[PDB]
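**Student:** PDB entry and its sequence, pasted below:
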There are 2 protein chains.
Amino acid sequence: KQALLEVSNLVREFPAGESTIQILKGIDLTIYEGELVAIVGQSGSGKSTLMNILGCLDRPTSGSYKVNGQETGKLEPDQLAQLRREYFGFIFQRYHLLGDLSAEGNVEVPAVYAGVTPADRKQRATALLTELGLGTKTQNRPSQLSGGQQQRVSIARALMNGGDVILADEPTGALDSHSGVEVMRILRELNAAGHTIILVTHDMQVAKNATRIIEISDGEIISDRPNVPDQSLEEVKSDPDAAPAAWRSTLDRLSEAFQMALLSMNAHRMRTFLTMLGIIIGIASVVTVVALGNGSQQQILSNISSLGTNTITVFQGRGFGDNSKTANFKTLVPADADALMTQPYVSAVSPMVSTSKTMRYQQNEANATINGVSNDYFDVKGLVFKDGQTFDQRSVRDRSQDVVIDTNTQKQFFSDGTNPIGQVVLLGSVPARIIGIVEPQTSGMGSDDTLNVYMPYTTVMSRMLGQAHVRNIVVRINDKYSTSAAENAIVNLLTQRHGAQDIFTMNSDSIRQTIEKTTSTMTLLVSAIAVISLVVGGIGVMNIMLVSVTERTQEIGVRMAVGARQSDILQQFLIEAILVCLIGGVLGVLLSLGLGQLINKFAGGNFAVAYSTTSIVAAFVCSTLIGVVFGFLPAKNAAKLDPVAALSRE
Amino acid sequence: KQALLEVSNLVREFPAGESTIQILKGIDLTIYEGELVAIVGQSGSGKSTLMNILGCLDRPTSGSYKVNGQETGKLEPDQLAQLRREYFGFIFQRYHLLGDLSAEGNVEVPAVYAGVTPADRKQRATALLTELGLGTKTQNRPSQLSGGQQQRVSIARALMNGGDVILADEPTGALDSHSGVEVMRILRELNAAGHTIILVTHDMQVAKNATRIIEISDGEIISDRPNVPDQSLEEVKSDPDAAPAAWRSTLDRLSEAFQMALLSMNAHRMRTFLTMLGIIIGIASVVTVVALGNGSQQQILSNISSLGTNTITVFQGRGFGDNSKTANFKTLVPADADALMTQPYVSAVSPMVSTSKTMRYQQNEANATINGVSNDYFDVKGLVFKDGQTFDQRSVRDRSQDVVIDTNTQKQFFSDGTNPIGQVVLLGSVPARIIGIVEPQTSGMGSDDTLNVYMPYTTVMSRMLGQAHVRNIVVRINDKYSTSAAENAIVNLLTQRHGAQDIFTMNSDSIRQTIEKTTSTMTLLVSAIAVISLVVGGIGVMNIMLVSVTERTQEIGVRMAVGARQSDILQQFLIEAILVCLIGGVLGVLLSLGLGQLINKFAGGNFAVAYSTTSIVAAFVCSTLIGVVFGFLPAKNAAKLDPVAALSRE
């Protein structure tokens, strides 16, 4: 028949100085189930390398080691991990425990990396910890336990997956005489229950506890020989301790990884909040700058929407410097607008003049801008009437005091819901009857904020201003038929009619396009100086995750020796980085929101901030990608660690 | 007389569960110089607490401990540090060494904090390491040494400041039988030389190496008693080992802190380059943005530097057409300039007209801008003549073909060094003789470009263009009067002289002023989106330093135990952060430079980058301040650690 542990011709060469050295010189050994073995030797003998190979933490590399008939010489890390989970459990001199978890958690870890019900492993965990006398200390964390207590914890952990072969590296080397007697007694009782126990030690008095003492020096076994410890008379073995034993599952273990990362974040908070804080600052700056640019383009377009579509406007210079030069040198007259009206390219034309007067309705008064306009004006500027009607050509000609108001004026005087149409307000000293209401241009506030009122320009000029000239003339170019050449033919036409070239011309579509270009581009470059430099300046996640790997290299080694797959470590650290970046992106979004509603307070009427709902989705996605990226290299470096070198590193 | 170590009724309490517990009950001890003492007890007895107090790492809270007649009960941390450096040296179970330093360095550390010459301490370090058999291993790092070898290193370290009282925790607890005999024999040999040695242990077989065995349980000494070890005959001495005992020094401690921070940086490289890298990106982005803005303001001012200082320009005209229906409406005539000349506010006036023609000198062809101007023109635009003279009022009147050239045209045709004055080139079909050379408006060597040439405006209008009108008229404002009132009187004046308001005017000083305002504030905002978001988003230095304090807590404890002052730890980590920020702030400056010389290629004439030499100084200063700010909190957290808790944390 075949023994459990079958060692044939193990040669382990570790290279040193462009040459190889044999730490194991061709050892043959056979250990059957249930046997109590102490491998004893001095430092450099090869005892601990031999144990590493026995524990499937290392390969022969020349020879054969068969665990229950399975050769490990060619096996790959996850296969050796399988053998660890099924057959082996470990105990170390300094009794490595996870400072984050508790006793029950440390005990659970091996069950976690195997397939286990989270309820069931709580049952076995608390059960084993109770058998070993820690029942009251179940919830204690390693910093809260003594040396002996921690070593008993790691015993329970080794027994979680059944402890078929328990490998103890100098288990009493760290702790005192009493807890040493207890650890040794617990092991001997476990062997009495049938556990194969192999303890490696440099102390002969320690090796006395075994029934079989193998002695190793300079990579060869010099002695192996039966032994009966004398304390078997001391301990009659009264109180019995017997405790022997790609679709689907990656969901389950990935969930486990989520709680591993989550509780590890909860353990270390301050560092989570700082690394996360960089990303909060980053996403906040990104969304703040992008949304500020979007809202400022939107604002300055709706603020300049006072022009309209396909509208060429015609101005004058000053012509002042005296009040005689007013009636002299102001040459733009409504006759010019009438002339423009008969042109083939003009769909609509209006003159315009304005004055500020006190608008009174009943007891309420206010200050309003009164705009003398043609009845065509609402067509050219593109205003749509909420309720009423415009004037007529008849009413423009007859100097009607019919008046049109905008939504803001309705809000001012008629807040009662009383229909303003038909109501007679007074503008200055001139009464007016409201024939219509207009919904204005702007999206948000803007600069208006101002009460607009429209009367026929004839009535404003004659009844109010007392002037023969027009402030400016707006035209809607029909068909968009040579929209630029219309402006040119307009200046040619009025320059003929005037004595000289008296008139400035302003193209609305070109002004809008220029504003959109400049705002869009500068929002792009400023937002790049935010995004690229900041979020890319959030590499610190990578750095802190690298230092988190170097920190936990022992934790990683213990995880692997307890049966962690490389995939399991990688998923743990990727899920940690991903989760930190995701949550810190959510807080970056919220900081950007509240910060933006703060920036709406500031005096800029040109500055507004508009949050694109597809820049928020892009924010979450990009933050999570920062997690998956930086973010990656440490999560892979951890899973690629050598569990031997990882376990012994300090 | 009084013995070295005098303990009288020391009671050491710790709070447990909202109540106090006595770990040390009233203990009396007297240890004279030269005694070999083993304090032996089990875990919880109070033995290691008693040692901590003996080592001046902790205070009794009840009672007295006098080191050579000096009560430590009320002493402050730097005072206890003094006593450590003067009297004590330490040895720990796991033989704590600094993985960064070598054997010689670890041995030096106590001498380092004791104010010793690096030459002298190198001698004593190598001497002690040779005495203990490490002479060949002198340069090895702890990772390169065996357990016994490392413990021998820490022995030499304890002997550095003289090892009057050597306090050993379990010295053999980590290491095997042979190296145990070696370490323990070395101790007995040191006591033979007169070293007071106190070794605390949980193992009686270890305690028997001492001549005096004190035994302690539940905070009291149950036994104290002489002992003669049997190994005194087994150890015969063939090699007696006897090695017993203003403005200045703060600069020394800063030098040491600089050296060790530097070597620690050299130890961990990837961490350093990543931590820096954020600040390299940050400083690069700030200096790039500010220098881009300064250079773009520099260009957009030099692009509008085609105007003068205190220079009002007068334009007109848009549409094409006939000689009748267009040229009749061109009202700018040199007569307008003559009228302006007699005004009190006008220092100089020139009209201006331009045409592009092919300039030929000998075999060279080129294309030049030909500017009809008044002889006053160089006065108003502020051009200075490199060599020759301007025209005369007679030559302007007489349609002279005398011509003035700028530096660029000289560079083109006369690159032979041939004096251009007197030479006859031809402009188009019109020959001209050069009477003068002008140094242009350029700020920088990329602004100027095109070849300017100036003839009297009369000659250009009549001989070339065939037009009666002037493209525009430039006016320099005398008295340095109000340029706005100048515009007002100019527009009134030419508006009266013309039929109507025919003329547009540009104020040069106001345009320049506006460009400077908007560019400056704009770049301040964008550079704030760099700095505020980036360098402040470079908190990660603080985080890495903070976890670097965590990882080094044992290193910090050992340093304090060898005599480190809190100030010394503070200087170490604060100087580390400072150097991390400064180095890489310089690399951020260099990255910004190279990026700027990249942007000088790929960018147009509006984008240029000009690096202010007072923005680089500000870069170094600000980076170092980021060090002194963010690095501080960790550097303080390290210096405030309890050496007891720091040593036993893991």
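**Tutor:** It's in. Numbers count the residues shown, from 1 in each chain, chains lettered A, B, ... in the order given.
**Student:** how much space separates residue A:204 from chain B?
**Tutor:** Per Cβ to the nearest Cβ, to the nearest Å, residue A:204 is found 8 Å from chain B. Where you see a C-beta, it was placed from the backbone N, CA and C, and this is true even at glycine.
**Student:** by proximity to chain B, which residue of chain A wins?
**Tutor:** In chain A, no residue comes nearer to chain B than residue A:540, which is 3.2 Å away by Cβ to the nearest Cβ.
**Student:** list the contacts of that residue.
**Tutor:** Applying Cβ atoms under 8 Å, 6 or more residues apart in numbering or on different chains to residue A:540 gives the contacts A:275, A:278, B:274-275, B:278, B:539-540, B:543-544.
**Student:** in which helix or strand does the residue nearest the centre of chain A reside?
**Tutor:** For chain A, the residue sitting closest to the mean C-alpha position, by Cα atoms, centre = their mean, is residue A:582 at 2.7 Å. Secondary structure assignment for residue A:582, by DSSP states H and E: helix A:566-599.
**Student:** near chain B at all, that helix?
**Tutor:** No - contact of helix A:566-599 with chain B (Cβ under 8 Å from any Cβ of the partner chain) is absent, the minimum separation being 11.3 Å.
**Student:** buried stuff in that helix?
**Tutor:** A:566-589, A:591-593, A:596, A:599 (16 or more other Cβ atoms under 10 Å in any protein chain shown).
**Student:** same check, this time on stretch A:46-61
**Tutor:** For stretch A:46-61, by 16+ other Cβ under 10 Å, it's A:46-60.
**Student:** also stretch A:245-261?
**Tutor:** The neighbour-count check on stretch A:245-261 (16+ other Cβ under 10 Å) flags A:253, A:256-258, A:260-261 as buried.
**Student:** now the closest residue in space to the residue of chain A closest to chain B that isn't next to it in sequence. Its backbone dihedrals?
**Tutor:** Among residues not flanking residue A:540 along the chain, residue B:540 sits closest, at 3.2 Å (Cβ to Cβ, 6 or more residues apart in numbering or on different chains). When read as degrees, to the nearest 10, the backbone of residue B:540 gives phi -50, psi -30.
**Student:** please apply the same query to residue A:101.
**Tutor:** Phi and psi for residue A:101, reported as degrees, to the nearest 10, are phi -70, psi 180.
**Student:** isn't it up against residue A:139?
**Tutor:** No - applying Cβ atoms under 8 Å as the test, residue A:101 and residue A:139 come out as separate, 10.7 Å apart.
**Student:** more neighbours: the two, which one.
**Tutor:** Higher neighbour count among residue A:101 and residue A:139: residue A:101, with 19 against 13, using other Cβ atoms under 10 Å in any protein chain shown.
**Student:** say whether chain B is contacted by the helix or strand that contains residue A:511.
**Tutor:** Here residue A:511, judged by DSSP H and E, is contained in helix A:508-535. Yes - against chain B, helix A:508-535 shows contacts by Cβ under 8 Å from any Cβ at A:526, A:529-530, A:533-534.
**Student:** could those go into CSV alongside neighbour count?
**Tutor:** CSV is the format used below for those (neighbours: other Cβ atoms under 10 Å in any protein chain shown):
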residue, neighbour count
A:526, 20
A:529, 23
A:530, 25
A:533, 24
A:534, 29
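**Student:** of these, which is the nearest to residue A:209?
**Tutor:** Taking Cβ to Cβ as the measure, residue A:209 sits nearest to residue A:534 out of the residues of helix A:508-535 next to chain B, at 61.3 Å.
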